[PDB]
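Visitor: Data file input-v2.pdb (PDB, C-alpha atoms (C1' of nucleotides)) is appended below.
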ATOM      1  CA  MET P 102      -7.798 -18.918  -6.833
ATOM      2  CA  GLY P 103      -4.649 -17.807  -8.607
ATOM      3  CA  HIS P 104      -0.918 -17.688  -7.927
ATOM      4  CA  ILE P 105       2.266 -15.621  -8.092
ATOM      5  CA  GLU P 106       5.536 -17.151  -9.271
ATOM      6  CA  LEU P 107       8.196 -15.814  -6.927
ATOM      7  CA  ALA P 108      11.498 -15.366  -8.735
ATOM      8  CA  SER P 109      13.232 -16.189  -5.465
ATOM      9  CA  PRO P 110      11.830 -18.580  -2.838
ATOM     10  CA  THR P 111      10.526 -17.247   0.436
ATOM     11  CA  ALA P 112      10.380 -18.556   3.983
ATOM     12  CA  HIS P 113       6.828 -18.698   5.293
ATOM     13  CA  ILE P 114       6.866 -16.557   8.402
ATOM     14  CA  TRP P 115       4.339 -18.655  10.312
ATOM     15  CA  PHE P 116       6.701 -21.596  10.203
ATOM     16  CA  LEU P 117       9.614 -19.299  11.054
ATOM     17  CA  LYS P 118       8.219 -17.369  14.030
ATOM     18  CA  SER P 119       5.579 -19.589  15.592
ATOM     19  CA  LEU P 120       7.680 -19.759  18.832
ATOM     20  CA  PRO P 121       8.895 -22.504  18.862
ATOM     21  CA  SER P 122      10.097 -22.301  15.295
ATOM     22  CA  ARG P 123       9.245 -25.349  13.244
ATOM     23  CA  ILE P 124      12.099 -24.605  10.847
ATOM     24  CA  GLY P 125      14.240 -23.813  13.902
ATOM     25  CA  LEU P 126      14.050 -27.094  15.768
ATOM     26  CA  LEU P 127      13.668 -28.942  12.495
ATOM     27  CA  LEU P 128      17.131 -27.959  11.241
ATOM     28  CA  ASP P 129      18.607 -28.122  14.783
ATOM     29  CA  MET P 130      19.523 -24.516  14.373
ATOM     30  CA  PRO P 131      18.850 -21.396  16.467
ATOM     31  CA  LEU P 132      16.227 -18.916  15.291
ATOM     32  CA  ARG P 133      18.638 -15.990  15.443
ATOM     33  CA  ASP P 134      21.076 -17.507  12.969
ATOM     34  CA  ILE P 135      18.228 -18.587  10.689
ATOM     35  CA  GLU P 136      16.979 -15.008  10.535
ATOM     36  CA  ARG P 137      20.555 -13.914   9.892
ATOM     37  CA  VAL P 138      20.586 -16.265   6.911
ATOM     38  CA  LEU P 139      17.138 -15.322   5.600
ATOM     39  CA  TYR P 140      17.536 -11.556   5.845
ATOM     40  CA  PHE P 141      20.793 -11.725   3.922
ATOM     41  CA  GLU P 142      23.568 -11.017   6.410
ATOM     42  CA  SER P 143      25.068 -14.494   6.843
ATOM     43  CA  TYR P 144      25.862 -17.546   4.776
ATOM     44  CA  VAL P 145      25.249 -21.136   5.813
ATOM     45  CA  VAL P 146      27.045 -24.093   4.281
ATOM     46  CA  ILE P 147      25.431 -26.779   2.145
ATOM     47  CA  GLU P 148      27.618 -29.889   1.563
ATOM     48  CA  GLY P 149      30.890 -28.632   2.989
ATOM     49  CA  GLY P 150      32.584 -31.861   1.986
ATOM     50  CA  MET P 151      36.364 -31.903   2.254
TER      51      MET P 151
ATOM     52  CA  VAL E 253     -15.990  -1.435  -3.886
ATOM     53  CA  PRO E 254     -16.392   2.360  -3.759
ATOM     54  CA  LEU E 255     -17.844   4.402  -0.995
ATOM     55  CA  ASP E 256     -20.371   7.055  -2.028
ATOM     56  CA  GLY E 257     -18.294   9.502  -4.031
ATOM     57  CA  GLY E 258     -15.640   9.237  -6.703
ATOM     58  CA  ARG E 259     -13.090   7.204  -4.767
ATOM     59  CA  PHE E 260     -12.795   3.535  -3.845
ATOM     60  CA  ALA E 261     -12.785   2.331  -0.263
ATOM     61  CA  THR E 262      -9.666   0.254  -0.783
ATOM     62  CA  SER E 263      -8.793  -2.913   1.102
ATOM     63  CA  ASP E 264      -5.530  -3.758   2.821
ATOM     64  CA  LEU E 265      -5.073  -7.084   1.064
ATOM     65  CA  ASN E 266      -4.913  -5.440  -2.334
ATOM     66  CA  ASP E 267      -2.206  -3.154  -0.991
ATOM     67  CA  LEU E 268      -0.267  -6.203   0.179
ATOM     68  CA  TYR E 269      -0.647  -8.074  -3.106
ATOM     69  CA  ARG E 270       0.222  -4.957  -5.091
ATOM     70  CA  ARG E 271       3.384  -4.515  -3.020
ATOM     71  CA  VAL E 272       4.420  -8.142  -3.532
ATOM     72  CA  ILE E 273       3.779  -8.060  -7.275
ATOM     73  CA  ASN E 274       5.650  -4.763  -7.779
ATOM     74  CA  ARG E 275       8.680  -6.012  -5.880
ATOM     75  CA  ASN E 276       8.633  -9.352  -7.713
ATOM     76  CA  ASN E 277       8.462  -7.641 -11.107
ATOM     77  CA  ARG E 278      11.369  -5.364 -10.193
ATOM     78  CA  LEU E 279      13.291  -8.422  -9.055
ATOM     79  CA  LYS E 280      12.634 -10.212 -12.345
ATOM     80  CA  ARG E 281      13.881  -7.184 -14.258
ATOM     81  CA  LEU E 282      17.017  -6.946 -12.126
ATOM     82  CA  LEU E 283      17.801 -10.641 -12.441
ATOM     83  CA  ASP E 284      17.395 -10.191 -16.188
ATOM     84  CA  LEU E 285      19.669  -7.135 -16.368
ATOM     85  CA  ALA E 286      22.375  -8.829 -14.218
ATOM     86  CA  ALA E 287      22.511  -6.311 -11.398
ATOM     87  CA  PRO E 288      25.408  -6.715  -8.907
ATOM     88  CA  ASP E 289      25.340  -8.790  -5.753
ATOM     89  CA  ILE E 290      24.218  -6.311  -3.103
ATOM     90  CA  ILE E 291      21.441  -4.864  -5.281
ATOM     91  CA  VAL E 292      19.776  -8.212  -5.939
ATOM     92  CA  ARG E 293      20.362  -9.135  -2.295
ATOM     93  CA  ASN E 294      18.395  -6.059  -1.230
ATOM     94  CA  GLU E 295      15.774  -6.871  -3.835
ATOM     95  CA  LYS E 296      15.261 -10.405  -2.559
ATOM     96  CA  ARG E 297      15.320  -9.030   1.002
ATOM     97  CA  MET E 298      12.510  -6.575   0.353
ATOM     98  CA  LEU E 299      10.611  -9.349  -1.427
ATOM     99  CA  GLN E 300      11.021 -11.615   1.605
ATOM    100  CA  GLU E 301       9.802  -8.920   3.951
ATOM    101  CA  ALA E 302       6.860  -7.989   1.715
TER     102      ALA E 302
ATOM    103  CA  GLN B   2      36.390   6.980   2.645
ATOM    104  CA  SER B   3      34.276   4.090   1.429
ATOM    105  CA  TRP B   4      31.275   3.313  -0.758
ATOM    106  CA  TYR B   5      27.696   2.902   0.428
ATOM    107  CA  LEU B   6      24.415   2.077  -1.271
ATOM    108  CA  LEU B   7      21.291   4.219  -0.935
ATOM    109  CA  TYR B   8      17.789   3.240  -1.891
ATOM    110  CA  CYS B   9      15.890   6.429  -2.681
ATOM    111  CA  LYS B  10      12.273   7.433  -3.045
ATOM    112  CA  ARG B  11      10.511   6.498  -6.272
ATOM    113  CA  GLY B  12      11.295   9.038  -8.944
ATOM    114  CA  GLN B  13      13.476  11.325  -6.853
ATOM    115  CA  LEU B  14      16.959  10.114  -7.780
ATOM    116  CA  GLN B  15      17.540  13.400  -9.614
ATOM    117  CA  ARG B  16      16.460  15.511  -6.642
ATOM    118  CA  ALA B  17      18.493  13.478  -4.146
ATOM    119  CA  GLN B  18      21.378  13.605  -6.608
ATOM    120  CA  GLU B  19      21.137  17.405  -6.732
ATOM    121  CA  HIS B  20      21.156  17.596  -2.931
ATOM    122  CA  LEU B  21      24.143  15.270  -2.666
ATOM    123  CA  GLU B  22      25.951  17.288  -5.324
ATOM    124  CA  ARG B  23      25.328  20.403  -3.234
ATOM    125  CA  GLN B  24      26.906  18.375  -0.472
ATOM    126  CA  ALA B  25      30.391  16.899  -0.890
ATOM    127  CA  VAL B  26      29.218  13.344  -1.605
ATOM    128  CA  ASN B  27      30.262  11.628  -4.833
ATOM    129  CA  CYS B  28      27.289   9.873  -6.434
ATOM    130  CA  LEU B  29      27.138   7.039  -8.943
ATOM    131  CA  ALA B  30      24.112   5.812 -10.871
ATOM    132  CA  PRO B  31      24.291   3.979 -14.212
ATOM    133  CA  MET B  32      22.215   6.132 -16.540
ATOM    134  CA  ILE B  33      21.039   4.645 -19.819
ATOM    135  CA  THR B  34      19.011   6.578 -22.368
ATOM    136  CA  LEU B  35      15.799   4.561 -22.657
ATOM    137  CA  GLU B  36      13.122   5.449 -25.216
ATOM    138  CA  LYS B  37      10.096   5.919 -22.963
ATOM    139  CA  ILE B  38       6.559   7.082 -23.731
ATOM    140  CA  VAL B  39       6.113   9.940 -21.267
ATOM    141  CA  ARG B  40       2.753  11.459 -22.253
ATOM    142  CA  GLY B  41       1.998  10.201 -25.754
ATOM    143  CA  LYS B  42       5.477  11.253 -26.932
ATOM    144  CA  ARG B  43       8.263   8.720 -27.427
ATOM    145  CA  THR B  44      10.928  10.662 -25.554
ATOM    146  CA  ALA B  45      14.366   9.119 -25.070
ATOM    147  CA  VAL B  46      15.015   9.822 -21.379
ATOM    148  CA  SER B  47      18.421   9.214 -19.785
ATOM    149  CA  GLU B  48      16.894   7.245 -16.942
ATOM    150  CA  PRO B  49      18.613   4.953 -14.411
ATOM    151  CA  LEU B  50      19.235   1.425 -15.583
ATOM    152  CA  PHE B  51      18.551   0.402 -12.011
ATOM    153  CA  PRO B  52      15.591   1.493  -9.931
ATOM    154  CA  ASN B  53      15.840   4.037  -7.075
ATOM    155  CA  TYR B  54      19.243   2.581  -6.045
ATOM    156  CA  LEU B  55      22.235   4.902  -5.968
ATOM    157  CA  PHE B  56      25.876   4.686  -4.926
ATOM    158  CA  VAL B  57      27.684   7.153  -2.696
ATOM    159  CA  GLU B  58      31.297   7.511  -1.665
ATOM    160  CA  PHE B  59      31.929   9.241   1.630
ATOM    161  CA  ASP B  60      33.515   8.761   5.026
ATOM    162  CA  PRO B  61      31.416   8.784   8.225
ATOM    163  CA  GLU B  62      33.787  11.225   9.929
ATOM    164  CA  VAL B  63      33.396  13.892   7.244
ATOM    165  CA  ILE B  64      29.624  13.706   6.686
ATOM    166  CA  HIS B  65      27.728  11.365   8.947
ATOM    167  CA  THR B  66      25.407   8.543   7.901
ATOM    168  CA  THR B  67      22.528  10.235   9.715
ATOM    169  CA  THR B  68      23.106  13.302   7.543
ATOM    170  CA  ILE B  69      23.185  11.149   4.412
ATOM    171  CA  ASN B  70      20.041   9.386   5.623
ATOM    172  CA  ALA B  71      18.270  12.718   6.144
ATOM    173  CA  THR B  72      19.071  13.982   2.648
ATOM    174  CA  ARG B  73      16.125  15.337   0.634
ATOM    175  CA  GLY B  74      15.161  12.474  -1.663
ATOM    176  CA  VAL B  75      16.815   9.505   0.069
ATOM    177  CA  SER B  76      14.843   6.646   1.591
ATOM    178  CA  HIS B  77      17.468   4.596   3.441
ATOM    179  CA  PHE B  78      20.846   2.938   3.422
ATOM    180  CA  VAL B  79      20.861  -0.722   2.508
ATOM    181  CA  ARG B  80      21.653  -2.354   5.815
ATOM    182  CA  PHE B  81      21.091  -6.174   5.975
ATOM    183  CA  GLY B  82      21.267  -5.721   9.760
ATOM    184  CA  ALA B  83      22.702  -3.002  11.970
ATOM    185  CA  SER B  84      25.347  -1.219   9.908
ATOM    186  CA  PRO B  85      24.851   0.069   6.356
ATOM    187  CA  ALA B  86      26.357  -2.163   3.716
ATOM    188  CA  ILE B  87      29.841  -1.830   2.253
ATOM    189  CA  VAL B  88      30.057  -2.592  -1.440
ATOM    190  CA  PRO B  89      33.595  -3.673  -2.387
ATOM    191  CA  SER B  90      35.747  -1.744  -4.817
ATOM    192  CA  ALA B  91      35.339  -4.395  -7.515
ATOM    193  CA  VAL B  92      31.620  -3.634  -7.804
ATOM    194  CA  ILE B  93      32.263   0.101  -8.206
ATOM    195  CA  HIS B  94      34.995  -0.705 -10.724
ATOM    196  CA  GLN B  95      32.804  -3.070 -12.747
ATOM    197  CA  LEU B  96      29.933  -0.575 -12.673
ATOM    198  CA  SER B  97      32.123   2.015 -14.260
ATOM    199  CA  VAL B  98      31.889   0.486 -17.726
ATOM    200  CA  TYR B  99      28.539  -1.285 -18.022
ATOM    201  CA  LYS B 100      25.069  -0.986 -19.675
ATOM    202  CA  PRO B 101      26.022  -2.900 -22.857
ATOM    203  CA  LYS B 102      23.054  -4.670 -24.423
ATOM    204  CA  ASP B 103      20.161  -2.585 -25.655
ATOM    205  CA  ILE B 104      17.665   0.215 -25.036
ATOM    206  CA  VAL B 105      15.708  -2.660 -23.436
ATOM    207  CA  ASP B 106      12.577  -0.613 -22.472
ATOM    208  CA  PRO B 107      10.094  -2.443 -20.209
ATOM    209  CA  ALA B 108       6.461  -1.659 -21.152
ATOM    210  CA  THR B 109       7.161   0.716 -23.991
ATOM    211  CA  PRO B 110       6.221  -0.651 -27.414
ATOM    212  CA  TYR B 111       8.794  -1.330 -30.098
ATOM    213  CA  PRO B 112       7.624  -1.293 -33.724
ATOM    214  CA  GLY B 113       7.066  -4.658 -35.359
ATOM    215  CA  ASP B 114       5.161  -5.916 -32.307
ATOM    216  CA  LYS B 115       1.625  -6.526 -31.033
ATOM    217  CA  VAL B 116      -0.377  -4.119 -28.855
ATOM    218  CA  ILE B 117      -3.862  -3.435 -27.449
ATOM    219  CA  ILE B 118      -6.050  -0.317 -27.476
ATOM    220  CA  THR B 119      -7.039   1.360 -24.196
ATOM    221  CA  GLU B 120      -9.579   4.072 -25.136
ATOM    222  CA  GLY B 121     -11.840   5.232 -27.913
ATOM    223  CA  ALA B 122     -14.138   3.429 -30.319
ATOM    224  CA  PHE B 123     -11.457   0.805 -31.016
ATOM    225  CA  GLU B 124     -10.811  -0.121 -27.376
ATOM    226  CA  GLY B 125     -10.047  -3.829 -27.131
ATOM    227  CA  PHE B 126      -8.458  -4.320 -30.564
ATOM    228  CA  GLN B 127      -5.068  -5.968 -31.029
ATOM    229  CA  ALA B 128      -2.817  -4.156 -33.458
ATOM    230  CA  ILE B 129       0.412  -4.582 -35.413
ATOM    231  CA  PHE B 130       2.981  -1.841 -35.797
ATOM    232  CA  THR B 131       3.511  -1.117 -39.440
ATOM    233  CA  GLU B 132       5.428   2.151 -39.095
ATOM    234  CA  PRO B 133       5.252   4.787 -36.325
ATOM    235  CA  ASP B 134       5.747   8.306 -37.660
ATOM    236  CA  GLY B 135       8.847   9.040 -35.572
ATOM    237  CA  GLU B 136       9.305   9.855 -31.900
ATOM    238  CA  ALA B 137       5.956  11.708 -31.658
ATOM    239  CA  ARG B 138       3.082   9.321 -32.527
ATOM    240  CA  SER B 139       2.499   5.877 -34.040
ATOM    241  CA  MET B 140       0.600   4.155 -36.837
ATOM    242  CA  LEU B 141      -1.178   0.890 -36.190
ATOM    243  CA  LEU B 142      -2.717  -2.000 -38.127
ATOM    244  CA  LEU B 143      -5.919  -2.463 -36.144
ATOM    245  CA  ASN B 144      -7.999  -5.622 -36.344
ATOM    246  CA  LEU B 145     -11.737  -5.942 -36.829
ATOM    247  CA  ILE B 146     -14.074  -8.906 -37.191
ATOM    248  CA  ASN B 147     -14.179  -8.378 -40.984
ATOM    249  CA  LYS B 148     -11.207  -6.355 -42.242
ATOM    250  CA  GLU B 149      -8.096  -4.847 -40.682
ATOM    251  CA  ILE B 150      -7.644  -1.073 -40.872
ATOM    252  CA  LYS B 151      -4.823   1.363 -40.112
ATOM    253  CA  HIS B 152      -4.607   4.585 -38.134
ATOM    254  CA  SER B 153      -2.169   7.307 -37.044
ATOM    255  CA  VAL B 154      -2.764   7.837 -33.314
ATOM    256  CA  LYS B 155      -0.913   9.254 -30.311
ATOM    257  CA  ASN B 156       0.640   6.957 -27.748
ATOM    258  CA  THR B 157      -1.890   7.386 -24.913
ATOM    259  CA  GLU B 158      -4.876   5.649 -26.525
ATOM    260  CA  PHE B 159      -3.075   2.299 -26.900
ATOM    261  CA  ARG B 160      -0.621   0.253 -24.834
ATOM    262  CA  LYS B 161       1.485  -2.844 -25.393
ATOM    263  CA  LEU B 162       0.155  -6.357 -24.712
TER     264      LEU B 162
ATOM    265  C1'   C K   1     -21.567  -0.312   2.886
ATOM    266  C1'   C K   2     -15.640  -1.819   5.138
ATOM    267  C1'   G K   3     -12.258   0.416   8.672
ATOM    268  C1'   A K   4     -10.727   4.177  12.347
ATOM    269  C1'   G K   5     -11.922   7.853  16.046
ATOM    270  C1'   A K   6     -15.629  10.100  19.682
ATOM    271  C1'   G K   7     -20.058   9.729  22.659
ATOM    272  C1'   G K   8     -24.253   6.954  24.843
ATOM    273  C1'   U K   9     -28.002   2.846  26.651
ATOM    274  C1'   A K  10     -28.383  -1.988  28.897
TER     275        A K  10
ATOM    276  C1'  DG W   1      28.771 -28.927  30.444
ATOM    277  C1'  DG W   2      24.773 -28.053  32.592
ATOM    278  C1'  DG W   3      21.957 -26.015  36.143
ATOM    279  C1'  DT W   4      19.731 -22.481  37.656
ATOM    280  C1'  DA W   5      17.851 -17.583  37.024
ATOM    281  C1'  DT W   6      16.955 -13.534  34.663
ATOM    282  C1'  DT W   7      15.155 -11.424  30.414
ATOM    283  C1'  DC W   8      12.340 -11.267  26.462
ATOM    284  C1'  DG W   9       8.604 -11.400  23.656
ATOM    285  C1'  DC W  10       4.666 -13.648  22.618
ATOM    286  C1'  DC W  11      -0.327 -14.411  23.928
ATOM    287  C1'  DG W  12      -4.690 -12.658  26.220
ATOM    288  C1'  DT W  13      -8.040  -8.743  28.416
ATOM    289  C1'  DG W  14     -17.571  -8.977  28.099
ATOM    290  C1'  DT W  15     -22.001  -8.786  25.044
ATOM    291  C1'  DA W  16     -25.643  -6.427  22.190
ATOM    292  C1'  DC W  17     -27.345  -1.982  20.219
ATOM    293  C1'  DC W  18     -27.542   3.306  18.843
ATOM    294  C1'  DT W  19     -25.565   7.955  17.167
ATOM    295  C1'  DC W  20     -21.897  11.126  14.796
ATOM    296  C1'  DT W  21     -17.549  12.588  11.555
ATOM    297  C1'  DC W  22     -13.906  11.027   8.466
ATOM    298  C1'  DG W  23     -11.361   7.886   5.339
ATOM    299  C1'  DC W  24      -4.653   9.889   1.009
ATOM    300  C1'  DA W  25      -1.223  14.120   0.449
ATOM    301  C1'  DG W  26       2.231  14.778  -2.431
ATOM    302  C1'  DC W  27       4.310  14.899  -6.536
ATOM    303  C1'  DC W  28       7.429  14.488  -9.746
ATOM    304  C1'  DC W  29       6.669  12.180 -12.970
TER     305       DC W  29
ATOM    306  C1'  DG L   1      -3.438  15.377 -15.215
ATOM    307  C1'  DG L   2      -2.071  10.872 -12.555
ATOM    308  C1'  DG L   3       0.345   6.290 -10.848
ATOM    309  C1'  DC L   4       2.366   5.454  -7.153
ATOM    310  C1'  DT L   5       3.809   5.029  -2.449
ATOM    311  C1'  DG L   6       4.676   4.947   2.325
ATOM    312  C1'  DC L   7       7.899   9.278   8.554
ATOM    313  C1'  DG L   8       9.974  14.207   6.097
ATOM    314  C1'  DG L   9      14.198  15.210   6.517
ATOM    315  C1'  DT L  10      19.836  17.333   5.168
ATOM    316  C1'  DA L  11      16.502  14.236  12.682
ATOM    317  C1'  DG L  12      13.423  12.253  15.552
ATOM    318  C1'  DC L  13       9.303  11.019  16.606
ATOM    319  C1'  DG L  14       8.127   6.751  21.005
ATOM    320  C1'  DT L  15       7.138   7.743  27.324
ATOM    321  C1'  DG L  16      -0.041   6.400  31.638
ATOM    322  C1'  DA L  17      -1.175  -1.776  31.380
ATOM    323  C1'  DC L  18      -0.617  -6.051  33.284
ATOM    324  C1'  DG L  19      -0.271 -11.195  34.029
ATOM    325  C1'  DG L  20       1.315 -15.586  32.668
ATOM    326  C1'  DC L  21       4.331 -18.545  30.324
ATOM    327  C1'  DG L  22       7.728 -20.648  27.900
ATOM    328  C1'  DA L  23      11.898 -20.284  25.334
ATOM    329  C1'  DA L  24      16.481 -18.032  24.973
ATOM    330  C1'  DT L  25      20.295 -16.966  27.203
ATOM    331  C1'  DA L  26      23.564 -15.010  31.515
ATOM    332  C1'  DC L  27      26.201 -16.393  35.504
ATOM    333  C1'  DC L  28      28.424 -19.590  37.788
ATOM    334  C1'  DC L  29      30.136 -23.339  38.119
TER     335       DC L  29
END
Could you show the structure in this file as structure tokens?
Guide:
Amino acid sequence: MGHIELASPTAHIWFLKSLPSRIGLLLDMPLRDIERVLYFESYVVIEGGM
Amino acid sequence: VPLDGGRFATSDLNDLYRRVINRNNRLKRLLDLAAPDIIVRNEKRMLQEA
Amino acid sequence: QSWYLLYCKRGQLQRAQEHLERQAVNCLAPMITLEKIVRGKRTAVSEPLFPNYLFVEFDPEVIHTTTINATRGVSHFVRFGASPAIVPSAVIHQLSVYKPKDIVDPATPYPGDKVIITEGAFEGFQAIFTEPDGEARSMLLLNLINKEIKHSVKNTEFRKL
RNA sequence: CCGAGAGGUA
DNA sequence: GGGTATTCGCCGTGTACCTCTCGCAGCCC
DNA sequence: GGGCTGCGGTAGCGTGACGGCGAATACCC
């Protein structure tokens, strides 16, 4: 086998749209907003803090 | 492998891998050249979808 | 008015640009003159620094987005969702003066580098640029298993590593 | 020597 | 605040064989 | 001549399956 180094990471679509989404009910997060994050029309916070 | 002629009976997987590699190479060149925000967003979006 | 982004077909930015200049739509594409081997000839072509991307400024009331989308040579607006994207005015302003660094040239050989040969009786031989003759052909220090040679060849029979 | 489309036998 | 109740989009829909044609167009690099 | 690339166009094409099922959400509290 071989490989391809992706310059940006990529959500595996089986784990995104298996219905129920494993990423979806893993993050406690609805699938619609996760696809709005992944397809680059929304931002989601990481370590909001103060 | 070719069918009987001068042309290759191409496979769909090589189309998919060729699409992924072309988009990833374009994305490496744009991250090198410091393209603006929306251009590299579209580039990572097309890479995600490919 | 506002600014939108159009991804075009591959190698039709000039044709789509001509159609949008025949229309009343102000285009923007950062052109840099890159030294590119076209067909054996090192021709400096004022090609886009970006790929098929292009910027337009219009208003949807004057000429509609469907009409811009149906322009000869245009693939699609960049959307991210339903509506086409709005680039802010800072991006248009900072892509007015740009393109600083080099004549960077992906996959065209610069002299003083290492290449490979693609045809002929020397196919498969790594070579050093000593001195290309100009913008027409090149001259190469070819390797052998005994002694290196040199040759003045066109730019189709060899390609960069 | 893989896919699509059309027809047929059981 | 959750308890239905409607909508939505995913799954699935026989076996074996035989024959035939057709399988990139455009294009501006 | 040929490397590439996905509707050809200054829009619109799609339209004659059907069931089940489970999640996502609408309405009404």
Visitor: Quote the spacing between CA of residue 91 (chain B) and CA of residue 284 (chain E) in Å to one decimal place.
Guide: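 Distance reported for this atom pair: 20.8 Å.
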Visitor: Name all residues at most 9 Å from region 8-25 of chain W (count all atoms listed in the file; drop same-chain ones fewer than 2 positions away) and give them as a ChimeraX atom specification.
Guide: /P:120 /E:261 /K:3-10 /W:27 /L:20-21,24
Visitor: Applying the PyMOL selection byres ((chain L) within 10 of (chain B)) to the file I just gave you, which residues come out? Please list them as number ranges by chain.
Guide: L: 4-6, 8-11
Visitor: For the file shown, report as a ChimeraX atom specification the outcome of the PyMOL selection byres ((chain E) within 12 of (chain K)) at residue level.
Guide: /E:253-256,260-264
Visitor: Output C-alpha atoms of each residue in that selection to a file, as a PDB file, in the frame of the given file.
Guide:
ATOM      1  CA  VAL E 253     -15.990  -1.435  -3.886  1.00  0.00           C
ATOM      2  CA  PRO E 254     -16.392   2.360  -3.759  1.00  0.00           C
ATOM      3  CA  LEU E 255     -17.844   4.402  -0.995  1.00  0.00           C
ATOM      4  CA  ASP E 256     -20.371   7.055  -2.028  1.00  0.00           C
ATOM      5  CA  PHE E 260     -12.795   3.535  -3.845  1.00  0.00           C
ATOM      6  CA  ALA E 261     -12.785   2.331  -0.263  1.00  0.00           C
ATOM      7  CA  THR E 262      -9.666   0.254  -0.783  1.00  0.00           C
ATOM      8  CA  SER E 263      -8.793  -2.913   1.102  1.00  0.00           C
ATOM      9  CA  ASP E 264      -5.530  -3.758   2.821  1.00  0.00           C
TER      10      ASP E 264
END
Visitor: Residues of chain P were defined as contacting chain B if any atom lay at most 8 Å from it, counting only C-alpha atoms; please report them as a PDB file with C-alpha atoms, in the coordinates of the input.
Guide:
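Writing the result to selection_23.pdb gives the following:
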ATOM      1  CA  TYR P 140      17.536 -11.556   5.845  1.00  0.00           C
ATOM      2  CA  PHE P 141      20.793 -11.725   3.922  1.00  0.00           C
ATOM      3  CA  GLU P 142      23.568 -11.017   6.410  1.00  0.00           C
TER       4      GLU P 142
END
